[PDB]
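These notes concern the structure reproduced below.
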Amino acid sequence: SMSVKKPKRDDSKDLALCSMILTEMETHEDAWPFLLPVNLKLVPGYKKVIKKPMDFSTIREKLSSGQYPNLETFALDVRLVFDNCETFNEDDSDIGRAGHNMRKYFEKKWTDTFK
């Protein structure tokens, strides 16, 4: 509260570490559904159904231009990618499996790096 602060957790490396994680996600073989924004002109249903589209290129641009205030807002956008994937794609599809695999991959890197 006012004039009463918990000890300072060192966040000075967070930007570099999120950039490393994102590089790992970008280079994963199963990243292909997530590398670019879904083309809203070409994919029926997407625009109306998925209220907040998100993809790795968009996260990378946000990351590079100071649009994440902290590492939690970065994790929220990454998880949004996989939540959107599960909303739109059957689990037993190539894209649906890709999204489960990538979520697992991310959440391990996230725990190992920060927790």
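In the structure tokens, the first chain shown is A, the next is B, and so on; residue numbers restart at 1 for each chain, and ligands run from 1 in the order shown.
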Determine, counting only C-alpha atoms, which protein, DNA and RNA residues have an atom within 12 Å of an atom of stretch 90-105 of chain A; residues of the same chain fewer than 2 positions away are not included. Present the result as an mmCIF file with N, CA and C atoms, in the first residue's frame.
data_model
loop_
_atom_site.group_PDB
_atom_site.id
_atom_site.type_symbol
_atom_site.label_atom_id
_atom_site.label_comp_id
_atom_site.auth_asym_id
_atom_site.auth_seq_id
_atom_site.Cartn_x
_atom_site.Cartn_y
_atom_site.Cartn_z
ATOM 1 N N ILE A 21 12.224 -16.669 -26.074
ATOM 2 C CA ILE A 21 11.120 -17.613 -26.114
ATOM 3 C C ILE A 21 10.375 -17.501 -27.475
ATOM 4 N N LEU A 22 10.083 -16.295 -27.897
ATOM 5 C CA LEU A 22 9.292 -16.065 -29.072
ATOM 6 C C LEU A 22 10.075 -16.607 -30.285
ATOM 7 N N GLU A 24 12.184 -19.180 -30.277
ATOM 8 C CA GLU A 24 12.021 -20.601 -30.159
ATOM 9 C C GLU A 24 10.650 -21.020 -30.734
ATOM 10 N N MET A 25 9.624 -20.253 -30.402
ATOM 11 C CA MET A 25 8.255 -20.563 -30.916
ATOM 12 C C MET A 25 8.231 -20.346 -32.435
ATOM 13 N N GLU A 26 8.824 -19.257 -32.907
ATOM 14 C CA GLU A 26 8.846 -18.979 -34.350
ATOM 15 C C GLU A 26 9.550 -20.055 -35.199
ATOM 16 N N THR A 27 10.551 -20.706 -34.632
ATOM 17 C CA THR A 27 11.342 -21.690 -35.341
ATOM 18 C C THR A 27 10.901 -23.137 -35.123
ATOM 19 N N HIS A 28 9.872 -23.391 -34.336
ATOM 20 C CA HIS A 28 9.351 -24.698 -34.104
ATOM 21 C C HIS A 28 8.698 -25.194 -35.424
ATOM 22 N N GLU A 29 8.840 -26.470 -35.749
ATOM 23 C CA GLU A 29 8.255 -26.929 -37.020
ATOM 24 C C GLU A 29 6.752 -26.816 -37.092
ATOM 25 N N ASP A 30 6.064 -26.852 -35.950
ATOM 26 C CA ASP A 30 4.634 -26.769 -35.863
ATOM 27 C C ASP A 30 4.102 -25.297 -35.741
ATOM 28 N N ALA A 31 4.965 -24.346 -35.910
ATOM 29 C CA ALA A 31 4.557 -22.936 -35.825
ATOM 30 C C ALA A 31 3.765 -22.460 -37.025
ATOM 31 N N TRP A 32 3.868 -23.160 -38.175
ATOM 32 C CA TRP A 32 3.276 -22.647 -39.419
ATOM 33 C C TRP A 32 1.849 -22.136 -39.400
ATOM 34 N N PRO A 33 0.927 -22.684 -38.583
ATOM 35 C CA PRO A 33 -0.393 -22.044 -38.583
ATOM 36 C C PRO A 33 -0.475 -20.680 -37.959
ATOM 37 N N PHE A 34 0.609 -20.272 -37.245
ATOM 38 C CA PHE A 34 0.582 -19.163 -36.275
ATOM 39 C C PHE A 34 1.527 -18.035 -36.644
ATOM 40 N N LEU A 35 2.279 -18.181 -37.717
ATOM 41 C CA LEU A 35 3.339 -17.248 -38.071
ATOM 42 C C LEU A 35 2.825 -15.906 -38.539
ATOM 43 N N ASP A 55 -1.327 -13.600 -33.613
ATOM 44 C CA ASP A 55 -0.363 -14.443 -34.320
ATOM 45 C C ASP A 55 1.067 -14.049 -33.871
ATOM 46 N N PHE A 56 2.032 -14.884 -34.175
ATOM 47 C CA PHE A 56 3.409 -14.638 -33.747
ATOM 48 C C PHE A 56 4.025 -13.390 -34.327
ATOM 49 N N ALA A 75 2.515 -12.958 -22.141
ATOM 50 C CA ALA A 75 1.993 -14.378 -22.024
ATOM 51 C C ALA A 75 0.506 -14.421 -22.417
ATOM 52 N N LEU A 76 -0.260 -13.349 -22.101
ATOM 53 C CA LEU A 76 -1.670 -13.329 -22.450
ATOM 54 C C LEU A 76 -1.872 -13.416 -23.984
ATOM 55 N N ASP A 77 -1.083 -12.668 -24.728
ATOM 56 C CA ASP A 77 -1.160 -12.699 -26.215
ATOM 57 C C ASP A 77 -0.721 -14.061 -26.797
ATOM 58 N N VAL A 78 0.344 -14.667 -26.220
ATOM 59 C CA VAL A 78 0.777 -15.964 -26.706
ATOM 60 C C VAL A 78 -0.393 -16.977 -26.492
ATOM 61 N N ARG A 79 -0.961 -16.972 -25.272
ATOM 62 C CA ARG A 79 -2.037 -17.941 -24.923
ATOM 63 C C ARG A 79 -3.267 -17.669 -25.813
ATOM 64 N N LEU A 80 -3.547 -16.390 -26.118
ATOM 65 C CA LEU A 80 -4.615 -16.025 -27.044
ATOM 66 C C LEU A 80 -4.473 -16.719 -28.411
ATOM 67 N N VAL A 81 -3.239 -16.824 -28.931
ATOM 68 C CA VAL A 81 -2.999 -17.538 -30.173
ATOM 69 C C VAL A 81 -3.597 -19.004 -30.057
ATOM 70 N N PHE A 82 -3.294 -19.690 -28.954
ATOM 71 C CA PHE A 82 -3.674 -21.064 -28.823
ATOM 72 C C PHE A 82 -5.118 -21.271 -28.435
ATOM 73 N N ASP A 83 -5.650 -20.336 -27.707
ATOM 74 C CA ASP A 83 -7.088 -20.279 -27.399
ATOM 75 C C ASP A 83 -7.933 -20.028 -28.599
ATOM 76 N N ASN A 84 -7.496 -19.125 -29.456
ATOM 77 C CA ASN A 84 -8.151 -18.932 -30.756
ATOM 78 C C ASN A 84 -8.098 -20.162 -31.648
ATOM 79 N N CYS A 85 -6.941 -20.821 -31.680
ATOM 80 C CA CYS A 85 -6.760 -22.051 -32.438
ATOM 81 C C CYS A 85 -7.768 -23.114 -31.988
ATOM 82 N N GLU A 86 -7.904 -23.281 -30.668
ATOM 83 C CA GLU A 86 -8.869 -24.325 -30.126
ATOM 84 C C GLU A 86 -10.315 -23.949 -30.404
ATOM 85 N N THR A 87 -10.625 -22.661 -30.419
ATOM 86 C CA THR A 87 -11.990 -22.189 -30.744
ATOM 87 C C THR A 87 -12.441 -22.541 -32.167
ATOM 88 N N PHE A 88 -11.525 -22.469 -33.105
ATOM 89 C CA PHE A 88 -11.795 -22.579 -34.499
ATOM 90 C C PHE A 88 -11.476 -23.920 -35.152
ATOM 91 N N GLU A 107 4.493 -23.309 -22.548
ATOM 92 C CA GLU A 107 4.225 -23.242 -21.124
ATOM 93 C C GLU A 107 5.437 -23.819 -20.346
ATOM 94 N N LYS A 108 6.087 -24.828 -20.929
ATOM 95 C CA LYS A 108 7.358 -25.315 -20.378
ATOM 96 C C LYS A 108 8.485 -24.274 -20.393
ATOM 97 N N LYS A 109 8.705 -23.626 -21.543
ATOM 98 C CA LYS A 109 9.706 -22.545 -21.610
ATOM 99 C C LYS A 109 9.380 -21.433 -20.618
ATOM 100 N N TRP A 110 8.105 -21.139 -20.438
ATOM 101 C CA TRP A 110 7.653 -20.044 -19.579
ATOM 102 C C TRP A 110 7.995 -20.369 -18.074
ATOM 103 N N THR A 111 7.622 -21.558 -17.653
ATOM 104 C CA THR A 111 7.947 -22.081 -16.323
ATOM 105 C C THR A 111 9.434 -22.176 -16.101
ATOM 106 N N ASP A 112 10.168 -22.789 -17.034
ATOM 107 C CA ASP A 112 11.597 -22.900 -16.854
ATOM 108 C C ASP A 112 12.326 -21.570 -16.827
#
Check: Taking the backbone alone, and naming residues the way the document does, which bits of chain A are helix (DSSP H, G or I) by DSSP, as a ChimeraX atom specification?
Finding: /A:14-26,29-31,46-49,56-64,71-88,94-114
Note to self: Can you tell me which residues surround stretch 8-11 of chain A at a distance of at most 12 Å, considering only C-alpha atoms, apart from same-chain residues fewer than 2 positions away, and format the answer as a count of residues only?
What the structure shows: 15
